[PDB]
Structure formats: structure tokens, C-alpha cells
Amino acid sequence: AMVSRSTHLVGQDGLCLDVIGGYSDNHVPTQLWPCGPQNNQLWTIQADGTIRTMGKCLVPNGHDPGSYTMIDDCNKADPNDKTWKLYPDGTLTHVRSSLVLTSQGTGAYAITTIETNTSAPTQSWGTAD
Ligand SMILES: *O[C](*)[C@]1(*)[C@](*)(O*)[C@](*)(O*)[C]([N][C@](*)([C])=O*)C(*)(*)(O*)[O@@]1(*)*
């Protein structure tokens, strides 16, 4: 049986997927940020295919290459918006589009996007406690 797992999502240079400012409002974007204990870097990978933080779901704002990612209300989002799959090698795919979560820098406020998979170092996401 698949069980939920809470984890940090660790990307390029060991920075963590982070909701900017720690706010849990709908449509707040995600970025990379130095890893810390804050709740906005704690993600739960669920069996249902959602990835959640602070009670909200990671979603792209659109389904095209270059769409930025954000959090939004889960129950309201359609499966296409909210379903992801994390592969063992680190690819984090947006299931409906086949695009993958991609970082856009390690400096502040570098908003993550979904892009065509190029097996770039910006497209590998590790789990950590
Ligand atoms: O600026 C940016 C930043 C990030 O987002 C982090 O994570 C946070 N923290 C908490 C605690 O939330 C801040 O605020 O912001």
C-alpha cells in the first residue's frame, strides 16, 4: 500500500523547494531557498499524486513549457493541475503535460517552472528528512 511521506524537496545545489515568504494563500509561487525547518519547505507526497504543503497543493499555472508553479486549493483543482509523479532518479513529472519541475536559478526569488525534460541538473529532485 502507498502511504503519504513528508519530506523536503531538494534541488540544485542542495536548495529546497520553498513557497515564497511562507504564505499559504492561493497562487503564491514556489522557488528554491536554502533549506531550513520552516513549514513552507515541508512537502507531503501523497498516494493520490498530489504534493502538498501547508494544506495546499503544488500546481503549475498552466500546462505549457515555462509555466510557473505555485500552491493552490487542492479540493478545487482538477486532477490535471495537481497530479505529479516523482521518479527514483529525481525527475518530478507533471503527469498530464509530461513536463517536469525545473529550477531557474539558486539566487533569491528564482521561481520554479515546468519545462521540457532535458535531464538538466535543474530537473533532479531528491527527498530528504
Ligand atoms: O524571502 C523568502 C523567504 C523564504 O520563503 C523562507 O522560507 C521564509 N521563511 C519562513 C519561516 O516562512 C521567509 O519568510 O521568506
# chains A, B, ... in the order shown; residues from 1 in each chain; ligands from 1
>>> residues_near_ligand(ligand="ligand 1", cutoff="6 Å", atoms="only C-alpha atoms and all ligand atoms", output="CSV table (one decimal) with N, CA, C and O atoms, in the first residue's frame")
chain,number,residue,atom,x,y,z
A,18,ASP,N,10.4,25.8,-2.0
A,18,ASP,CA,10.0,26.7,-1.0
A,18,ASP,C,8.9,27.6,-1.4
A,18,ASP,O,9.0,28.1,-2.6
A,19,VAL,N,7.8,27.8,-0.7
A,19,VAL,CA,6.7,28.7,-1.1
A,19,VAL,C,7.2,30.1,-0.6
A,19,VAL,O,7.5,30.4,0.6
A,20,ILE,N,7.3,31.1,-1.6
A,20,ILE,CA,7.8,32.3,-1.3
A,20,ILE,C,7.2,33.1,-0.1
A,20,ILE,O,5.9,33.3,-0.1
A,21,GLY,N,8.0,33.4,0.9
A,21,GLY,CA,7.5,34.2,2.0
A,21,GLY,C,6.8,33.3,3.1
A,21,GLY,O,6.4,33.9,4.2
A,22,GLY,N,6.6,32.1,2.8
A,22,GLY,CA,6.0,31.2,3.8
A,22,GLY,C,4.5,31.3,3.8
A,22,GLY,O,3.8,30.7,4.7
A,38,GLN,N,11.3,25.5,8.3
A,38,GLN,CA,10.1,26.2,8.1
A,38,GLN,C,9.1,25.3,7.3
A,38,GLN,O,9.4,24.5,6.5
A,40,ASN,N,7.0,25.8,5.1
A,40,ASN,CA,6.8,26.1,3.7
A,40,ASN,C,7.9,25.4,2.8
A,40,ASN,O,8.0,25.6,1.6
>>> residues_around(residues="residue 114 of chain A", least_positions_apart="5", cutoff="10 Å", atoms="only C-alpha atoms", output="ChimeraX atom specification")
/A:59-69,92-94,97-103,123
>>> residues_around(residues="residue 89 of chain A", least_positions_apart="5", cutoff="10 Å", atoms="only C-alpha atoms", output="MDAnalysis selection string")
chainID A and resid 119 124:126
>>> write_last_selection(atoms="C-alpha atoms", output="short mmCIF file (atom, residue, chain, number, x, y, z; two decimals), in the first residue's frame")
data_model
loop_
_atom_site.label_atom_id
_atom_site.label_comp_id
_atom_site.auth_asym_id
_atom_site.auth_seq_id
_atom_site.Cartn_x
_atom_site.Cartn_y
_atom_site.Cartn_z
CA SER A 119 17.77 15.72 -17.87
CA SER A 124 16.52 16.48 -10.45
CA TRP A 125 14.67 16.49 -7.11
CA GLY A 126 15.75 14.49 -4.10
#
>>> residues_around(residues="residue 56 of chain A", least_positions_apart="5", cutoff="8 Å", atoms="only C-alpha atoms", output="ChimeraX atom specification")
/A:24,26,71-74
>>> write_last_selection(atoms="N, CA and C atoms", output="PDB file, in the first residue's frame")
ATOM      1  N   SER A  24       0.537  30.858   2.823  1.00  0.00           N
ATOM      2  CA  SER A  24      -0.217  29.720   2.321  1.00  0.00           C
ATOM      3  C   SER A  24      -1.414  30.123   1.465  1.00  0.00           C
ATOM      4  N   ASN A  26      -3.677  31.078  -1.778  1.00  0.00           N
ATOM      5  CA  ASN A  26      -3.723  30.500  -3.104  1.00  0.00           C
ATOM      6  C   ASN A  26      -2.885  31.352  -4.060  1.00  0.00           C
ATOM      7  N   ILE A  71       1.284  27.248  -5.145  1.00  0.00           N
ATOM      8  CA  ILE A  71       0.308  26.429  -4.422  1.00  0.00           C
ATOM      9  C   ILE A  71      -1.109  26.907  -4.651  1.00  0.00           C
ATOM     10  N   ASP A  72      -2.051  25.958  -4.537  1.00  0.00           N
ATOM     11  CA  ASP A  72      -3.447  26.313  -4.713  1.00  0.00           C
ATOM     12  C   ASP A  72      -4.287  25.319  -3.922  1.00  0.00           C
ATOM     13  N   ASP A  73      -5.567  25.647  -3.756  1.00  0.00           N
ATOM     14  CA  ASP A  73      -6.529  24.801  -3.040  1.00  0.00           C
ATOM     15  C   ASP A  73      -6.692  23.492  -3.792  1.00  0.00           C
ATOM     16  N   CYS A  74      -6.499  22.398  -3.073  1.00  0.00           N
ATOM     17  CA  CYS A  74      -6.433  21.074  -3.651  1.00  0.00           C
ATOM     18  C   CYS A  74      -7.794  20.621  -4.126  1.00  0.00           C
TER      19      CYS A  74
END
>>> residues_around(residues="residue 12 of chain A", least_positions_apart="4", cutoff="12 Å", atoms="only C-alpha atoms", output="number ranges by chain")
A: 16-17, 31-35, 90, 101-107, 110, 112, 120-126
>>> select_by_dssp(residues="segment 10-124 of chain A", states="strand (DSSP E)", output="VMD selection string")
chain A and resid 10 16 to 19 30 to 33 43 to 45 51 to 53 56 to 60 67 to 72 84 to 86 92 to 94 100 to 102 113 to 115
>>> write_last_selection(atoms="N, CA, C and O atoms", output="compact mmCIF listing (two decimals), in the first residue's frame")
# COMPACT_ATOMS: atom_id res chain seq x y z
N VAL A 10 14.61 18.59 -2.56
CA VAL A 10 15.92 19.20 -2.64
C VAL A 10 16.38 19.23 -4.09
O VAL A 10 16.38 18.21 -4.76
N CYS A 16 16.17 23.97 -1.39
CA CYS A 16 14.90 23.31 -1.17
C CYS A 16 13.76 24.05 -1.87
O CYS A 16 13.75 25.29 -1.94
N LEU A 17 12.80 23.25 -2.34
CA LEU A 17 11.56 23.84 -2.88
C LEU A 17 10.84 24.56 -1.75
O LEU A 17 10.60 23.99 -0.71
N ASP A 18 10.43 25.82 -1.99
CA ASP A 18 10.01 26.74 -0.95
C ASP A 18 8.88 27.64 -1.45
O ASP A 18 8.99 28.14 -2.56
N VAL A 19 7.81 27.79 -0.69
CA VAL A 19 6.74 28.74 -1.06
C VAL A 19 7.19 30.13 -0.60
O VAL A 19 7.46 30.39 0.58
N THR A 30 6.30 29.06 -6.02
CA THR A 30 7.40 28.33 -5.41
C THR A 30 8.74 28.76 -6.03
O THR A 30 8.84 29.22 -7.15
N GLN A 31 9.80 28.57 -5.24
CA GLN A 31 11.15 28.97 -5.57
C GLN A 31 12.12 27.95 -4.96
O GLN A 31 11.68 27.07 -4.26
N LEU A 32 13.42 28.10 -5.22
CA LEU A 32 14.44 27.46 -4.40
C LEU A 32 14.88 28.41 -3.29
O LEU A 32 15.05 29.64 -3.52
N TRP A 33 15.23 27.82 -2.13
CA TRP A 33 15.65 28.59 -1.00
C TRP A 33 16.53 27.71 -0.13
O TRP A 33 16.33 26.50 -0.05
N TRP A 43 6.97 19.11 2.40
CA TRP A 43 6.03 18.71 1.37
C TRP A 43 5.59 17.28 1.65
O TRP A 43 6.43 16.45 2.05
N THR A 44 4.32 17.00 1.43
CA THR A 44 3.85 15.63 1.59
C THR A 44 3.53 15.09 0.20
O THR A 44 2.69 15.64 -0.52
N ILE A 45 4.21 14.02 -0.14
CA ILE A 45 3.91 13.30 -1.37
C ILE A 45 2.80 12.30 -1.07
O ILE A 45 3.04 11.32 -0.35
N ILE A 51 1.11 16.75 -4.26
CA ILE A 51 2.24 17.17 -3.46
C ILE A 51 1.81 18.39 -2.69
O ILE A 51 1.50 19.43 -3.26
N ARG A 52 1.79 18.28 -1.36
CA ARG A 52 1.13 19.32 -0.58
C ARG A 52 2.03 19.95 0.46
O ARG A 52 2.95 19.32 1.01
N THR A 53 1.80 21.22 0.73
CA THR A 53 2.43 21.95 1.81
C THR A 53 1.40 22.90 2.42
O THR A 53 0.63 23.48 1.69
N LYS A 56 -2.10 23.02 1.11
CA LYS A 56 -2.36 23.43 -0.26
C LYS A 56 -1.54 22.51 -1.18
O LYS A 56 -0.66 21.79 -0.74
N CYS A 57 -1.89 22.53 -2.48
CA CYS A 57 -1.35 21.60 -3.47
C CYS A 57 -0.41 22.36 -4.40
O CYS A 57 -0.75 23.46 -4.84
N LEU A 58 0.72 21.75 -4.75
CA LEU A 58 1.60 22.25 -5.81
C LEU A 58 0.92 22.05 -7.16
O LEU A 58 0.46 20.95 -7.53
N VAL A 59 0.86 23.13 -7.96
CA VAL A 59 0.27 23.08 -9.26
C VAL A 59 1.09 24.02 -10.15
O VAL A 59 1.62 25.02 -9.69
N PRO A 60 1.12 23.77 -11.47
CA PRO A 60 1.58 24.76 -12.44
C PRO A 60 0.42 25.68 -12.75
O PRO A 60 -0.74 25.29 -12.73
N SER A 67 5.52 27.45 -17.77
CA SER A 67 4.52 27.79 -16.77
C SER A 67 5.18 27.72 -15.38
O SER A 67 5.87 26.77 -15.08
N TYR A 68 4.95 28.75 -14.56
CA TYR A 68 5.49 28.72 -13.22
C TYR A 68 4.61 27.86 -12.30
O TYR A 68 3.50 27.51 -12.63
N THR A 69 5.18 27.40 -11.20
CA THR A 69 4.46 26.61 -10.22
C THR A 69 4.19 27.41 -8.94
O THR A 69 4.87 28.39 -8.64
N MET A 70 3.18 26.94 -8.22
CA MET A 70 2.57 27.70 -7.15
C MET A 70 1.82 26.71 -6.25
O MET A 70 1.74 25.54 -6.61
N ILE A 71 1.28 27.25 -5.14
CA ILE A 71 0.31 26.43 -4.42
C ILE A 71 -1.11 26.91 -4.65
O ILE A 71 -1.38 28.05 -5.06
N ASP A 72 -2.05 25.96 -4.54
CA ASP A 72 -3.45 26.31 -4.71
C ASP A 72 -4.29 25.32 -3.92
O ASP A 72 -3.82 24.30 -3.45
N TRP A 84 1.25 14.82 -9.81
CA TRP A 84 2.67 14.72 -10.09
C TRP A 84 3.17 13.31 -9.85
O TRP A 84 2.52 12.49 -9.22
N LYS A 85 4.33 13.01 -10.38
CA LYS A 85 4.97 11.77 -10.12
C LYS A 85 6.47 12.01 -9.96
O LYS A 85 7.14 12.54 -10.84
N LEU A 86 7.01 11.57 -8.82
CA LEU A 86 8.41 11.69 -8.53
C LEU A 86 9.06 10.36 -8.88
O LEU A 86 8.77 9.38 -8.22
N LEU A 92 10.73 14.95 -11.61
CA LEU A 92 9.46 15.23 -10.97
C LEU A 92 8.48 15.67 -12.05
O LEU A 92 8.54 16.82 -12.53
N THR A 93 7.65 14.74 -12.54
CA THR A 93 6.87 14.99 -13.73
C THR A 93 5.50 15.51 -13.35
O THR A 93 4.85 14.93 -12.47
N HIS A 94 5.02 16.47 -14.13
CA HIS A 94 3.65 16.91 -14.11
C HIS A 94 2.89 15.95 -15.03
O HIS A 94 3.14 15.91 -16.23
N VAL A 100 8.38 18.68 -16.65
CA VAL A 100 8.97 18.36 -15.36
C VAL A 100 9.34 19.64 -14.62
O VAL A 100 9.67 20.67 -15.23
N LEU A 101 9.37 19.52 -13.30
CA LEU A 101 9.69 20.65 -12.41
C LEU A 101 11.16 20.99 -12.60
O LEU A 101 12.05 20.14 -12.58
N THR A 102 11.37 22.28 -12.84
CA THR A 102 12.65 22.81 -13.27
C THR A 102 12.96 24.06 -12.46
O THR A 102 12.17 25.00 -12.49
N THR A 113 9.50 26.31 -12.56
CA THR A 113 8.61 26.18 -13.69
C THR A 113 8.48 24.72 -14.08
O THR A 113 9.20 23.87 -13.57
N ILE A 114 7.56 24.41 -14.98
CA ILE A 114 7.57 23.13 -15.68
C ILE A 114 8.12 23.34 -17.09
O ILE A 114 7.77 24.33 -17.73
N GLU A 115 9.00 22.44 -17.49
CA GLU A 115 9.68 22.56 -18.78
C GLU A 115 9.80 21.19 -19.42
O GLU A 115 9.69 20.14 -18.76
>>> closest_residue(among="A:5, A:111, A:81, A:25", to="residue 46 of chain A", atoms="only C-alpha atoms")
A:5
>>> atom_distance(atom1="atom CA of residue 3 of chain A", atom2="atom CA of residue 80 of chain A")
21.2 Å
>>> closest_residue(among="A:118, A:4, A:127, A:75", to="residue 88 of chain A", atoms="only C-alpha atoms")
A:127
>>> select_by_dssp(residues="chain A", states="alpha helix (DSSP H)", output="MDAnalysis selection string")
chainID A and resid 79:82
>>> closest_residue(among="A:48, A:11, A:6, A:39", to="residue 91 of chain A", atoms="only C-alpha atoms")
A:11
>>> closest_residue(among="A:95, A:42, A:108, A:77", to="residue 9 of chain A", atoms="only C-alpha atoms")
A:42
>>> atom_distance(atom1="atom CA of residue 37 of chain A", atom2="atom CA of residue 129 of chain A")
10.2 Å
